[PDB]
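J.: Structure here, sequence nowhere to be found:
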């Protein structure tokens, strides 16, 4: 698994990898690891599938209640703190690591990384899932604060594809979710659209097209 | 005996406390009406501030139970807020537990069932609030419903609540004898007009509040005072 | 909230509980039923109070219920509460047969039910059950037994007793006519006679009656059985013929 | 929360007064009736609404609890909903435990016990409703009645609500065994017409019928009008 | 076991074999592995049987009660969410795992539910021991917009692959076709491996089978 | 560790048991009588953890006595055995007692009976029973010489033989056994088998 | 394990309009043979029998508890419970203890409806195995499966059914050391119930 | 006539008399004024000295609820403390769960819901106190007032107790949109002094708390110097 969140001038561009595995078998190739909490806040689910899914459901429920009570678009900070309410409340049972991103008139686009165990860390970007480790070195020399929706999109695609190419637990299509003042924009990048990194070849239908 | 004081059957079979709750609704001076159209549902009531001090935006009887459900509460304001909190808790719980938006008829039925409880348990005074629920059912089209302190939810094509029940009903069914199919603008203007014909006075589009739904825009919405004023002008010139 | 409390469980200045006495009155207003403890069995007969002609009557019983393979009861009073009490009584009998693996002796079943009733009679502030039971059954301990339960939660064994409407007249005729060694047929005849003589209407109608008898089959098996309407017709005709067969002189 | 003081005590005459008030309260409810043909059952009630503006289609008085069973109420509407909900719950518990439909008699007994509960428990009033539960099952057609006292009976035909006595006598004189289901439907419609002030129409009354071995179905106005035509 | 789910152009097709085993011995040659939940929802159960029938039956009853309460036809998301809420709170101890399918106001639906409450939404799903044998066929032959006959062909091929290639599942193939209105269920659509021997002359029980006592009852 | 065994004659049901109470290696006592009297017409030999044996046996005797006085008619042997089994089986999954029980009794209308009740709460109406390491020798010898119509002389001879073998062949051979008989007259002590 | 603490062998097999249910006859601590006349088959009503293989104590408890529920059903409904319904009841009351299970492997067999046989055995937590040719449970599971698979026929008169179930049970129990010491076979027909006790190897 | 004896009993007029008796208890208490200035909120309370030996500062009636808001209670003070405690509880609980300071509007809504709930129960005495919240949110200053019946609305000025009518009339004669909280101090002091009537009641001590921008949006007492000069000005304003 891989989940990355990038903050650009206007908002967030949360990301994912799409591969729920049960051992060495790939039970699902197009899992959706980014879920909605409100129209402006999304969480990158990672870790245990059941635990992350239900924490997403419960946060969405509490956050519906909250946004009706206030009659007002719920903020990112509150979404992250609600995710922590359950991540920390259930340290024993929930083996989940998540990244929460969104947009507000109050504070703009913010990313809150709730790692395993239940801390909240506002960050310029976050990395999670088992595929994170292949990225620390790359991101540290890549992150430039204040990017556009474009450069941030390319960087998220590069990060998730580099993690995909090298990690057993991460693969499939790259999914990204651009959250902004105008609203969420969900994308889908199969392997064919992603670049080709060290010692990888261009996909070809059949060897009969080259011979050997 | 005690039956005048608590919700137990009177010697002739009436529950007097529920009746007194109805009287409490008709108290308070306010009256409200709703008109279900072909394409929309409009719900309208009158609000009035006696003081310069009281902020006018803090007083209103339209409540957004859900982005796609509304509710107009007639009765005691505190009870109206209690019932509103209960319904908001139910709507969110229904969507959570069952995975889809709660339909209007379900909200009305749940409110009515909750109200029935006060009517059977002796030491729980029935809520003195008649609540009108509007929403556009995803499959049944526009909906309108009315729940009373007794607990008799029934679905109404058009209805009234408050101190002027009968006058509003008579005007509405006079204007609706033909079983019409009201356009949006026609629906909302019929509601406003039936309020006018009950108050016997004009109103500056400020002492009135309107809430509407539309199939083209299911969100329960409260009209801008300028839209209310445009509807007033349209009523004037015909 | 205090002022709304009737204080059901409380002693009157006379030293007696009012609600239970009102319960006995409610029994007195209910349909009559009597029991005959015969040598070879026990017979319960009951009066169906509601006798509109549109009633179906295809249901086997309205006042007598089976509580176990060896015990049955005839109910008088508020049948609504009697349903609950019979449900409990069946449950208690099965609880004994589970714990000990054998039929629950009748006297114990009666006593457990009466202990249920006395609870409402003594604490909690709920109205007592307005019911009264006649129990018929058989044990290895004592053989055929007949018991009567007051809504006070009190009970006693009776060779022949009656409950419900017009109780005391039937009681008196049972005093005058019941004898030891009354067999199956004699018990049935005596019950029919005493009831009809206690009924407002002679030449009774099978649709307005119920007769049940807990006897012992030749092979030591307690067989409870409630007579079908045609069997009631046969007995009614035989009794309406035998009554003049004695009154002729 | 003591609320443990029976508000339905025994009057000095032995009568349970509050239950009697409940029986009157149903006595002032809209009429309903039911007949059992030799090969099916029929229940109907009057559904006259205070105004045309009330959408009659948004609520039904005849409701089916299990595909075999349906009920009609007279008296307070809100209480009938409580009882229908609880009876449906019990039917589904029975089906969970035994994978069979609950027999009509058992459902009636359980609903009656629910009725009785409120006539002994403290802090509550008995239900101002009486039910006609029509069902057809493995041992023939059945029509059961339930009243706020919690007692239940099996009727060949019955009625309750406004205009009980006239409908009752009408049924008693006009009922007969071997009546077919359609004859019963016509008879029920006629009985409603007897006391029904105004003129009957498919949008004024409600009818439900169980055929032979089939499911309880509530007639739609499009076809009730055909029956009454 | 081998259970399968495919969403074709009009609706969702479910499939399953009919072998049930208890260790290395087949207890039941013809098991009913596709279950009814609602007029438009069926589910193939894999994992611990007792748990699968218990949970599917409980959800079926809840869904029927909700159908009465709201009147309108139940939808699949409701079944999915009820199954999630039940399975999770038992933390996977109840080891029921299902493929769930139906057709609703929103159109065909197909989900896989795992004992911990993790769910997926998929165009093709497989579970049970032969899940790999089936997913071979799906990853080779699935495509969008299969017609009902092609879709049923593919599901039958997948189940046959999961019969012949995996020992846990065998016997006969069953299928449930869930279109908009009608659910065409097949009790034993494909019986691909008949009994190979006749046994010729039946064998005789030489030992007369001595018996000591015989109580006999004249049942009515 | 305890040894217990039973035997049903023509009109009597004998129960014998070792009378040694121990801790680890010390016979704190050799007069520990373990066969209880539930009634005038019942015996209940028990084997198992001494504390559990005593507590469970006393509990069952309490319930038997409560039934007797309340109704006026004593529990029949089969009902006493079934009640014991029910209580033991219910405790099995909640706070198990580690007692094995052999219940004998006489009822005028049924005759002598001997019930097998295991600490797992399996109940069976056995002709002959035995618990503990002496069970093997007791059962084999009874099978070898048992008949269905034994005079109390023959039954006691058989029990003496079983005791002698149990002493001779076990390593934990207890020296002292008590023999109790139930007949029409009532549960009783027959004889004490002093060895030391 | 705990299932073979006592050891049992129970079989059920379907004839034309008759049903036959068989069983072993011995109680044992593990290998001690306390009693050669144990009962694993219980009649609940004419045309319905339950065999309860597995732990003996769990078996007795479930039998007594089932009698409680069945009698109370007869008093409340006035009909003897139909086989499939009884199997569902047993499944429910076994699954209630999903996490505390009874160690029984019940076999349920009985005629009903229009004189139509019914057989099913269940997991220890109620997973039913509604079958139509035959059902087998106990420690001799595999041996019974082989014996019945090799000895069954589709539609069998009562006498053929008796002989076949008897031979299957005996030949399958002779290959098991925790079971034997006789046999106890019922042939249930819509007009007659024959309860046979068989001569077995007492070793 | 028997109907005025419980909170779960509508009188045939469809009104609950117990709530009105509670509200009367407030009407008998003492004035409490709140004002929504351009740059904050000023709360002021006429506090009556029961005996001259009380210590100036005794039984303070203006309480904080959380960092950015505070209350003034009129009516039965013992109930005012319970409501203040509940407001504190709600503020901190929301802060905990959502990680954000409670919107004063939400705080007032929760407090009002609590007050209303304390009437639905047959076994509770309805609170006999009315309160005023004046938090200074991220949505700006905003003054609320909760009535012993559970109703509440957002005001620009408020008053409760003996001096209801005079206080309201005087407030209306003020251009709240133009006065800074420094001007609000003077205005509220002057109003409280006008509305007091020495000819009827004993002396009193003005107690005022500003939730303004000088107070860094944090509810605090008015500084002693400004309060005393406002007292002197208000005294001078009586002639």
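T.: Nice, thanks for sending it over. Numbers count the residues shown, from 1 in each chain, chains lettered A, B, ... in the order given.
J.: so residue A:102 bridges to which residues?
T.: Going by DSSP bridges, residue A:102 is paired in beta bridges with residue A:41, residue A:110.
J.: burial of it, as a residue count?
T.: 31 (other C-beta atoms under 10 Å in any protein chain shown). Yep, even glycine has a C-beta here, placed from its N, CA and C like the rest.
J.: residue contacts, it?
T.: Residue A:102 makes contact with A:11-12, A:37-38, A:40-42, A:75-76, A:79, A:109-110, A:179, according to C-beta atoms under 8 Å, 6 or more residues apart in numbering or on different chains.
J.: out of those residues, who's nearest residue G:58?
T.: Looking at the contacts of residue A:102 and their distance to residue G:58, the nearest is residue A:37, at 49.5 Å (C-beta to C-beta).
J.: What's the local residue count around that closest one?
T.: 26.
J.: Tell me the secondary structure of it, please.
T.: strand (DSSP: H, G, I helix; E, B strand; the rest coil).
J.: That one touches residue A:78, doesn't it?
T.: No - counting by C-beta atoms under 8 Å, residue A:78 is not a contact partner of residue A:37; they are 9.7 Å apart.
J.: Tabulate the contacts of residue A:102 in JSON lines, adding columns for distance to residue B:143.
T.: Shown next, in JSON lines, are the contacts of residue A:102 (distance: C-beta to C-beta, whole Å):
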{"residue": "A:11", "distance to residue B:143": "37"}
{"residue": "A:12", "distance to residue B:143": "38"}
{"residue": "A:37", "distance to residue B:143": "29"}
{"residue": "A:38", "distance to residue B:143": "26"}
{"residue": "A:40", "distance to residue B:143": "29"}
{"residue": "A:41", "distance to residue B:143": "31"}
{"residue": "A:42", "distance to residue B:143": "32"}
{"residue": "A:75", "distance to residue B:143": "33"}
{"residue": "A:76", "distance to residue B:143": "35"}
{"residue": "A:79", "distance to residue B:143": "32"}
{"residue": "A:109", "distance to residue B:143": "39"}
{"residue": "A:110", "distance to residue B:143": "39"}
{"residue": "A:179", "distance to residue B:143": "34"}
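J.: Now do the SS call for the spatially most central residue of chain F.
T.: Centroid-nearest residue in chain F: residue F:45, 2.6 Å away (criterion: C-alpha atoms, centre = their mean). Here residue F:45 takes the strand state, with states given by three-state DSSP.
J.: need the strands for chain B, in chain order.
T.: Counting by DSSP state E, chain B has strands at residues B:31-36, B:40-46, B:62-66, B:69-75, B:129-137, B:141-147, B:154-155, B:158-162, B:208-214, B:217-222.
J.: Show me where chain F has its strands.
T.: Going by DSSP E, chain F shows strands at F:4-8, F:13-18, F:36-39, F:42-48, F:99-107, F:111-117, F:123-125, F:128-131, F:177-182, F:188-193.
J.: ok, the longest helix seen in chain H near chain A or not?
T.: With secondary structure taken from DSSP state H, chain H has its longest helix at helix H:77-98. Yes - using C-beta under 8 Å from any C-beta of the partner chain, helix H:77-98 reaches chain A at H:97-98.
J.: Quick check: chain neighbours aside, which residue is closest to residue H:172?
T.: residue B:52 (5.2 Å; C-beta to C-beta, 6 or more residues apart in numbering or on different chains).
J.: my bad, should have said residue H:127
T.: In this structure, residue H:127 finds its nearest non-sequential neighbour in residue H:79, 4.3 Å apart by C-beta to C-beta, 6+ apart.
J.: is it true that the one you found touches residue H:131?
T.: No - contact criterion C-beta under 8 Å: residue H:79 and residue H:131 do not qualify, at 9.5 Å.
J.: I'd like to know which residues of chain G are adjacent to chain C.
T.: With C-beta under 8 Å from any C-beta as the criterion, chain G comes near chain C at residues G:64-65, G:67-68, G:71-72, G:75-76, G:78.
J.: which element follows the longest helix along chain E toward the C-terminus?
T.: Of all the segments of type helix in chain E, defined by DSSP H, the longest one is helix E:49-70. Per DSSP states H and E, the first helix or strand lying C-terminal to helix E:49-70 is helix E:76-89.
J.: check whether that next one contacts chain D.
T.: No - Helix E:76-89 does not reach chain D (C-beta under 8 Å from any C-beta); its nearest approach is 13.7 Å.
J.: going on from that helix, what's the next piece of helix or strand?
T.: Trace forward from helix E:76-89 with DSSP H and E and the next one is strand E:96-104.
J.: The very next helix or strand once past that next one and chain B in contact?
T.: As assigned by DSSP H and E, the chain's next helix or strand after strand E:96-104 is strand E:107-113. No - using C-beta under 8 Å from any C-beta, strand E:107-113 stays clear of chain B, with a minimum separation of 11.2 Å.
J.: Only the buried residues of strand E:107-113, if you could.
T.: Within strand E:107-113, the residues that count as buried by 16 or more other C-beta atoms under 10 Å in any protein chain shown are E:108-113.
J.: No more questions from me, cheers.
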